[PDB]
Structure formats: structure tokens, C-alpha cells
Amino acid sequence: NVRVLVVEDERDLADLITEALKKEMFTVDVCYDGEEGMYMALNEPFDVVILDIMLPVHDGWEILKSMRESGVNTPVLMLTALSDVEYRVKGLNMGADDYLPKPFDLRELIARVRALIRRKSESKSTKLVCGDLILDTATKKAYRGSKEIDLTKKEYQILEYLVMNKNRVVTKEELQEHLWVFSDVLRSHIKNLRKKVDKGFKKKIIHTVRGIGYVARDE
């Protein structure tokens, strides 16, 4: 099962995070100082580690650095006071995988944990990737930039097919044959997909070959 380590010395907050994650069926170990935190982070396998920037004995950055120095590459979510940019402008560059400045919603913390898991998961049967786009084919959800893409069900079916066949042009005819009028709406679906997947991103995944078909590209 997916394992999380929480290292946080404010015990009510530590326990809030821990129990909130347990309610979602994560397996969680909680540490209330950097001594036990460091020991767990270096010596026991986890899928994600959540550290406070401030901890007794060894602070969150110290734990993160020791992990990396020891070959433990598990993603780390650092709970902080300030944003990464705010720390960087001060001269502190921690190199954590993600940062969650206070105050935050537990919902946001859980989302950030889930994004770290999906982005770092190895070769999956139920994970498809096209560039930096991730499809969780087990739940029929799509993500990019650590954010869920709000696709309609039809949009997802089309996207999955294109991604399954990435870098190959797929015709309307091939799509029609594989998906559950059609001709008219397909262009709208693709236009909407293009907006939802590629807006704000330099690398454009959704492509159209005029009069032929569509293709999800990552080369």
C-alpha cells in the first residue's frame, strides 16, 4: 500500500494530517521531531515524505538533504511559512519536490501528495504518459502540471485513445470505430481538449492534421 511519512512537531497538526490521510486509506507513519524523522526518512521505505521546514534536532531541509545524499529519492512535500520563490529570494534553495505554505486546506495537502505519487510512479499498467501529461487509466482522469484536467467523459475517451496511440495520426474514422453527428461534434471535442490540455503550456500535445485526423504528440 501507499506509504506516507509525516514529520511535524506541532502534534495536533501532525495528527490532523496523519488521520486525514489514513481516512483516505494511506498507510501513514508520524514522527514529532527530526531525530525520529530523520531515522525513518533514511531507513524505512515510503512513497512520499511530508516534512515541516522547522523541526527539532534536524530541520526539514536537513532531512531532505540527508535523504538525497543517501540515495533516497522519495518525493518530499515541504510544509512551510513562505513560498519557494520567497525563500529563494532570501537565499534558501531547498530543492524539495513541492512546497505547501501555511495556511492550507487539508484537501490541498492531499491533492499535492497525490500529484507527487503519480508523477514519480514508475512504469504503470494503469498509467499512460504523453510528454508531461499523465492519464490514470484506472480512474479515467488526466493530469498535467500537477493539476487535474477537468475533462468530460467523452473528452477523456478521445484523449486516452490518442495517448494510447501517441505520435500516430488517428482518423475520425478510426475514432468513430472505437468510440461509442459524430463528425460534427468531434472537431468541438478536439478544440476543447486542446484548450484543456495545452493552454498555458509551451509544449503542445494536441495536434490536428487538417482533413486527416488528430494526434497526441510528445516528439
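Each residue number is its position in the shown sequence, starting from 1.
**Q** Please say, as none, 1 to 3, 4 to 9, or 10 or more, how many residues of the deposited sequence are without coordinates in the interval between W180 and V181.
**A** Some 4 to 9 residues are missing between them.
**Q** According to the deposited model, is the average Cα temperature factor higher in 116 to 124 or in 97 to 105?
**A** The deposited B-factors put 116 to 124 ahead on the C-alpha mean.
**Q** Per the record, averaged over C-alpha atoms, which has the higher B-factor: 27 to 35 or 146 to 154?
**A** Mean C-alpha B-factor is greater for 146 to 154.
**Q** Looking at the C-alpha B-factor values in the deposited entry, which of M164, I53, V48, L64 comes out highest?
**A** Across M164, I53, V48, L64, the entry lists the biggest C-alpha B-factor for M164.
**Q** From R210, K22, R11, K204, can you pick the one with the highest C-alpha B factor in the entry?
**A** Checking the PDB record, the top C-alpha B-factor among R210, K22, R11, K204 is at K204.
**Q** Where does the C-alpha B-factor of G71 rank in its chain, lowest, middle or highest third?
**A** For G71, whose C-alpha B-factor we compare with every modelled residue in the chain, the answer is the highest third.
**Q** Thinking about Cα B factors across the chain, which third does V129 belong to?
**A** Highest third, going by the recorded CA B-factors of the chain.
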